[PDB]
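*Asks:* My questions all concern the structure below.
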Amino acid sequence: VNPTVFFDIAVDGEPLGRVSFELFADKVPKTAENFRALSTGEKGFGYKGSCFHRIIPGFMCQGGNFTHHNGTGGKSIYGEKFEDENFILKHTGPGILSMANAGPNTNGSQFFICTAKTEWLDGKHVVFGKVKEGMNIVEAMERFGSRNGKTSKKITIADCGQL
Amino acid sequence: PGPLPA
C-alpha cells in the first residue's frame, strides 16, 4: 500500500501542526521512495530541520533544501540528482505534492505543495503525492508567503517521518 | 527560482 509521511510544521519554532501525505509509490516508486527516505532521515540526511523557503499564495509552498558537501540546495537519495520518472499524474488542485527542479532530469530533494490547480506545470514537474491530513496547516503556511515567495517568518519542518 | 508561475 502507498506509504504515508508527515511533517510537523513550525513558525519561528512555534508549532503550527501536522501535514500528512500519501506518496504514490504505485505510480512513481523511485520519486516516492526518495521523498519517503528524506522524510525519515534514514540515509543520514533529509528534511528534518529544513524550511519552506519559497511560499507563493494561491500557488504553492516549496521546501526541501538542506546542507550537503557540494551544496545547500539538497540532494536525492540516489546521488545528487535523478531523472524525471514519469508525468502520469497531473497538478489537478490544492494538496498536490510535486518535485521542484532546474529543468528536465534534475530532481533532487526540493518539492512543493500546490495550493491551487497548476496545470502549466504538467509534464515539467513530477507529481508523486498529495496532502492527506492537514491541508488547513498548508493554508496556514501559505499566509506566511508573499508574491515573490519570500516568507515573512521562518517556516520549518520541526519533525518528519513515516506514519 | 522554483516552479514557474505560468
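Residue numbering restarts at 1 for every chain of the C-alpha cells, chains are lettered A, B, ... in their displayed order, and ligands are numbered from 1 as they appear.
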Write out as number ranges by chain which residues come within 12 Å of residue 2 (chain B) when counting only C-alpha atoms, dropping same-chain ones fewer than 6 positions away.
*Replies:* A: 52-56, 59-65, 73, 98-103, 110-113, 121, 124-125, 148-150
*Asks:* Could the residues in this selection be saved with N, CA and C atoms as a CSV table (one decimal), in the first residue's frame?
*Replies:*
```csv
chain,number,residue,atom,x,y,z
A,52,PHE,N,10.5,25.7,4.5
A,52,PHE,CA,9.8,26.1,3.3
A,52,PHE,C,10.3,27.5,2.9
A,53,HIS,N,11.2,27.6,2.0
A,53,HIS,CA,11.9,28.8,1.7
A,53,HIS,C,11.2,29.7,0.6
A,54,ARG,N,10.2,29.1,-0.1
A,54,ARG,CA,9.5,29.8,-1.1
A,54,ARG,C,8.0,29.5,-1.0
A,55,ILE,N,7.2,30.4,-0.6
A,55,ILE,CA,5.8,30.2,-0.4
A,55,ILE,C,5.1,31.3,-1.2
A,56,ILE,N,4.3,31.0,-2.2
A,56,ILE,CA,3.6,32.0,-3.0
A,56,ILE,C,2.1,31.7,-2.9
A,59,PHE,N,-0.6,29.7,-5.1
A,59,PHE,CA,0.2,28.9,-6.0
A,59,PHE,C,0.8,27.6,-5.3
A,60,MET,N,1.8,27.8,-4.5
A,60,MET,CA,2.5,26.6,-3.8
A,60,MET,C,3.4,27.0,-2.7
A,61,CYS,N,3.7,26.0,-1.9
A,61,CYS,CA,4.7,26.1,-0.8
A,61,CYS,C,5.8,25.1,-1.2
A,62,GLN,N,7.0,25.7,-1.3
A,62,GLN,CA,8.2,24.9,-1.7
A,62,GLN,C,9.2,24.8,-0.5
A,63,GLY,N,9.8,23.6,-0.4
A,63,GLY,CA,10.9,23.4,0.6
A,63,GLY,C,11.8,22.3,0.1
A,64,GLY,N,12.6,21.8,1.0
A,64,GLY,CA,13.4,20.6,0.8
A,64,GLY,C,14.9,20.9,0.6
A,65,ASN,N,15.3,22.2,0.8
A,65,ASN,CA,16.8,22.5,0.9
A,65,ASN,C,17.3,21.9,2.2
A,73,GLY,N,21.5,23.2,-1.3
A,73,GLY,CA,20.2,23.0,-2.0
A,73,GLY,C,19.5,21.6,-2.0
A,98,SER,N,4.7,17.7,-5.5
A,98,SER,CA,5.4,17.6,-6.8
A,98,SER,C,6.8,18.0,-6.7
A,99,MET,N,7.7,17.5,-7.6
A,99,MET,CA,9.1,17.8,-7.5
A,99,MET,C,9.5,19.2,-8.1
A,100,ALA,N,10.3,20.0,-7.3
A,100,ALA,CA,10.9,21.1,-7.9
A,100,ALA,C,12.1,20.6,-8.7
A,101,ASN,N,12.6,21.4,-9.7
A,101,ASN,CA,13.7,21.0,-10.5
A,101,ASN,C,14.3,22.3,-11.2
A,102,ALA,N,15.4,22.0,-11.9
A,102,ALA,CA,16.1,23.1,-12.6
A,102,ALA,C,16.1,22.7,-14.1
A,103,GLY,N,15.0,22.2,-14.6
A,103,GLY,CA,14.8,21.7,-15.9
A,103,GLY,C,14.8,20.2,-15.9
A,110,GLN,N,14.2,19.0,-3.4
A,110,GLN,CA,13.2,20.0,-3.3
A,110,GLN,C,11.9,19.7,-3.9
A,111,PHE,N,10.8,20.1,-3.3
A,111,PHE,CA,9.5,19.7,-3.6
A,111,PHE,C,8.6,20.9,-3.3
A,112,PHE,N,7.4,20.8,-3.8
A,112,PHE,CA,6.4,21.8,-3.5
A,112,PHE,C,5.0,21.2,-3.3
A,113,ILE,N,4.2,21.9,-2.5
A,113,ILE,CA,2.8,21.5,-2.3
A,113,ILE,C,2.0,22.6,-2.9
A,121,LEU,N,2.3,23.3,-15.1
A,121,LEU,CA,3.5,22.5,-14.6
A,121,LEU,C,3.4,21.0,-15.0
A,124,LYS,N,6.3,19.0,-16.6
A,124,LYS,CA,7.5,19.7,-16.3
A,124,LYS,C,8.0,19.3,-14.9
A,125,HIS,N,7.1,19.0,-14.0
A,125,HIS,CA,7.4,18.6,-12.6
A,125,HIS,C,6.7,17.3,-12.3
A,148,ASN,N,6.5,37.2,-4.3
A,148,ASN,CA,7.8,36.7,-4.8
A,148,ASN,C,8.3,35.5,-4.1
A,149,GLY,N,7.6,35.0,-3.1
A,149,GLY,CA,7.9,33.7,-2.4
A,149,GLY,C,8.6,33.8,-1.1
A,150,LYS,N,9.2,35.0,-0.8
A,150,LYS,CA,9.9,35.2,0.4
A,150,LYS,C,8.9,35.0,1.6
```
*Asks:* Can you work out which one of A:155, A:114, A:135, A:140 has the shortest atom-to-atom distance to chain B, counting only C-alpha atoms?
*Replies:*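 Smallest distance to chain B is found for A:114.
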*Asks:* Could you name the residues that touch residue 117 (chain A) at 12 Å or less, counting only C-alpha atoms, but leaving out those on the same chain fewer than 3 positions away, as a PyMOL selection string?
*Replies:* (chain A and resi 58-60+90-97+113-114+120-122) or (chain B and resi 5-6)
*Asks:* Store the residues picked out above, limited to C-alpha atoms, as a CSV table (one decimal), in the first residue's frame.
*Replies:*
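Output contents, as saved in result-v1.csv:
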```csv
chain,number,residue,atom,x,y,z
A,58,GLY,CA,-2.5,31.0,-4.4
A,59,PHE,CA,0.2,28.9,-6.0
A,60,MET,CA,2.5,26.6,-3.8
A,90,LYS,CA,-1.3,16.0,-13.1
A,91,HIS,CA,-1.3,19.1,-10.9
A,92,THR,CA,-5.1,19.0,-10.6
A,93,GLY,CA,-5.7,21.1,-7.5
A,94,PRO,CA,-4.8,22.0,-3.9
A,95,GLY,CA,-2.7,19.5,-2.0
A,96,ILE,CA,-0.7,18.0,-4.9
A,97,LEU,CA,2.9,17.2,-3.9
A,113,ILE,CA,2.8,21.5,-2.3
A,114,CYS,CA,0.3,23.2,-4.6
A,120,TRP,CA,1.1,24.6,-16.7
A,121,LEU,CA,3.5,22.5,-14.6
A,122,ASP,CA,2.1,19.3,-16.0
B,5,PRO,CA,4.0,30.7,-12.0
B,6,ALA,CA,2.8,30.4,-15.6
```
